[PDB]
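We're numbering straight along the sequence, starting at 1. Values below: every heavy atom of this structure, side chains too, minus hydrogens, waters and symmetry copies.
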Amino acid sequence: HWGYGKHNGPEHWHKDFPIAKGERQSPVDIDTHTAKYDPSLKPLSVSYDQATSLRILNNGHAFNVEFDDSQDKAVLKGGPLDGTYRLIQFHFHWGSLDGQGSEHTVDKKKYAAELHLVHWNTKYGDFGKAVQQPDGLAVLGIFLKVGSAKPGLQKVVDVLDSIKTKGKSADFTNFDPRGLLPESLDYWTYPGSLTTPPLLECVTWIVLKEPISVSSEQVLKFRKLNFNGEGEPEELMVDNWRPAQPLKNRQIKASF
Ligand SMILES: NS(=O)(=O)c1ccc(S(=O)(=O)NCc2cccs2)s1
Ligand SMILES: [Hg+2]
Ligand SMILES: [Zn+2]
């Protein structure tokens, strides 16, 4: 079924998921000169103080680090949001070369990878009811550029050998997601969708202005991962990013 190759990659997704062609799809190009600075946007409140990670899993499209979301332990509030959104997981999208890999672009510039911290609106009781709502999800997106090592990222990089193929998981407790944040929390925000099937239009995107840098050896490890399951022919998990979609009647507000 879907994936990222020539035969099953994003330009075919519309045949099984018609909403691919919809009105509020992500990612988009952020044109900085056309973004509306909006001084009513409150500051973001990221409270990742009591976050509990549980495991890391290769799901055949990316690796995800899952968090215990049965209590308000790691939450996002403020900014463009109303209500509290709980952290349930984070994943990355990366490229086969350092000059591509982000999903969102800034003035058409692509970064090496993009981190998504996925949150769901607690108003709706669980993630499953939240993906049935226009304001059910908030994804915090962070660009990664190649440069110095991000020390807080190393823990994730060392375990990737344990989960090389589709379906494997490892326990991954006590990981603190605060080590992945930039100094500045300035952002752009617009309404969009998930960037992989089912491509539901449930998401308030918050894309941070400031990138974090990781070294080439760190993003290099991402590329050694596999799309295939164990014992199937190896396909390297590289280029698992969707192309920018038409913004069509949406405006990107900027907090700066
Ligand atoms: N790239 S992204 O951040 O926009 C995401 C892609 C998929 C995401 S999900 O795993 O949280 N939901 C996928 C679903 C699972 C069950 C019902 S929909 S978040
Ligand atoms: Hg929705
Ligand atoms: Zn994503």
Side-chain angles (χ1 to χ4, degrees), residues 44-77 84-94 101-103 111-122 126-127 130 137-185 187 194-196 205-208 210-226 237 240-241:
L44 273 174
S45 180
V46 192
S47 314
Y48 289 166
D49 177 43
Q50 307 92 279
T52 308
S53 54
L54 302 168
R55 65 125 100 118
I56 177 162
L57 163 79
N58 172 334
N59 68 13
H61 311 299
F63 60 89
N64 300 167
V65 173
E66 303 166 344
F67 287 78
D68 175 28
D69 70 340
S70 55
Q71 314 274 276
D72 280 9
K73 285 177 181 196
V75 299
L76 230 195
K77 297 174 204 275
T84 308
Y85 288 70
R86 278 181 196 148
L87 177 65
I88 174 167
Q89 61 101 333
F90 75 68
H91 47 273
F92 299 74
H93 293 267
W94 56 96
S102 61
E103 295 208 294
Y111 286 84
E114 186 171 325
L115 169 58
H116 294 150
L117 294 121
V118 180
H119 312 64
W120 64 269
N121 195 335
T122 58
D126 57 59
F127 186 88
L137 302 192
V139 185
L140 225 193
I142 294 168
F143 299 114
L144 271 66
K145 48 167 289 300
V146 171
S148 322
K150 196 73 179 72
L153 190 61
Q154 200 52 46
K155 284 58 57 61
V156 181
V157 165
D158 288 336
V159 177
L160 294 186
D161 245 289
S162 319
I163 53 139
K164 183 182 166 68
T165 53
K166 186 203 294 178
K168 285 187 178 156
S169 51
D171 305 301
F172 188 72
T173 53
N174 303 109
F175 180 75
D176 188 5
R178 292 183 297 188
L180 304 180
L181 294 183
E183 287 175 26
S184 187
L185 292 193
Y187 65 90
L194 301 172
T195 65
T196 70
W205 274 99
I206 303 179
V207 173
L208 296 187
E210 187 181 306
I212 52 176
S213 47
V214 298
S215 56
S216 43
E217 304 65 68
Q218 285 189 310
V219 285
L220 194 49
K221 310 287 166 276
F222 289 7
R223 296 179 185 138
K224 287 183 168 69
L225 243 30
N226 285 185
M237 184 183 286
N240 54 341
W241 51 272

Stepwise side chain to side chain contact (heavy atoms under 4.5 Å, CB included) check, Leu87 with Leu76: CA-CA 8 Å; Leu87 177 65; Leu76 230 195; over 6 Å; no
Stepwise side chain to side chain contact (heavy atoms under 4.5 Å, CB included) check, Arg86 with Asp72: CA-CA 6 Å; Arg86 278 181 196 148; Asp72 280 9; 2.8 Å; yes
Is there a donor-acceptor pair under 3.5 Å between the side chain of [X] and the backbone N or O of [Y]?
| X | Y | value |
| --- | --- | --- |
| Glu210 | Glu183 | yes |
| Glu114 | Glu103 | yes |
| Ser53 | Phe172 | yes |
| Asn59 | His61 | yes |
| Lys164 | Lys224 | yes |
| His91 | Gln89 | no |
| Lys150 | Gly179 | yes |

Minimum-distance pair of heavy atoms, taken over all atoms of [X] and [Y]:
| X | Y | answer |
| --- | --- | --- |
| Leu160 | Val156 | CG-O, 3.2 Å |
| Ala74 | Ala51 | CB-CB, 3.7 Å |
| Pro182 | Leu208 | CG-CD1, 3.4 Å |
| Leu225 | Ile163 | CD1-O, 3.9 Å |
| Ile142 | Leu180 | CD1-O, 4.1 Å |
| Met237 | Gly60 | CE-C, 3.9 Å |

Contacts of type side chain to side chain donor-acceptor pair (under 3.5 Å), residue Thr173, not counting sequence neighbours: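 By the side chain to side chain donor-acceptor pair (under 3.5 Å) rule, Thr173 matches no residue at all.
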Measure the [atom1]-[atom2] distance between [X] and [Y] for me, rounded to the nearest 0.5 Å.
| X | Y | atom1 | atom2 | result |
| --- | --- | --- | --- | --- |
| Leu44 | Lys77 | CG | NZ | 13.0 Å |
| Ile88 | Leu117 | CD1 | CG | 12.5 Å |
| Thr195 | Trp205 | OG1 | CH2 | 5.5 Å |
| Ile206 | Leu140 | CD1 | CG | 5.5 Å |
| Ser169 | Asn64 | OG | CG | 11.5 Å |
| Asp126 | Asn121 | CG | CG | 12.0 Å |

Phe67-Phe175 aromatic ring centre distance below 6.0 Å: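 No: the rings miss the under 6.0 Å criterion.
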Centroid separation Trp241 to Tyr111 less than 6.0 Å: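 They do not qualify: ring centres at least 6.0 Å apart.
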With a cut-off of 6.0 Å (strictly less than), are more than 12 heavy atoms of other residues, nucleotides or ligands near [atom1] of [X]?
| X | atom1 | result |
| --- | --- | --- |
| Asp176 | CG | yes |
| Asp171 | CG | no |
| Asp158 | CG | yes |

Side chain to side chain contact (heavy atoms under 4.5 Å, CB included) between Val157 and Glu217, worked out: CA-CA 9 Å; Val157 165; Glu217 304 65 68; over 6 Å; no
Working for side chain to side chain contact (heavy atoms under 4.5 Å, CB included), residues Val219 and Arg223: CA-CA 7 Å; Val219 285; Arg223 296 179 185 138; 4.2 Å; yes
Non-hydrogen side-chain atoms of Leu194 and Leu137 separated by less than 4.5 Å: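 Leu194 reaches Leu137 side chain to side chain.
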Min side-chain heavy-atom separation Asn240-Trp94 under 4.5 Å: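 When only atoms from C-beta onward are counted, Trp94 and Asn240 do touch, with a gap below 4.5 Å.
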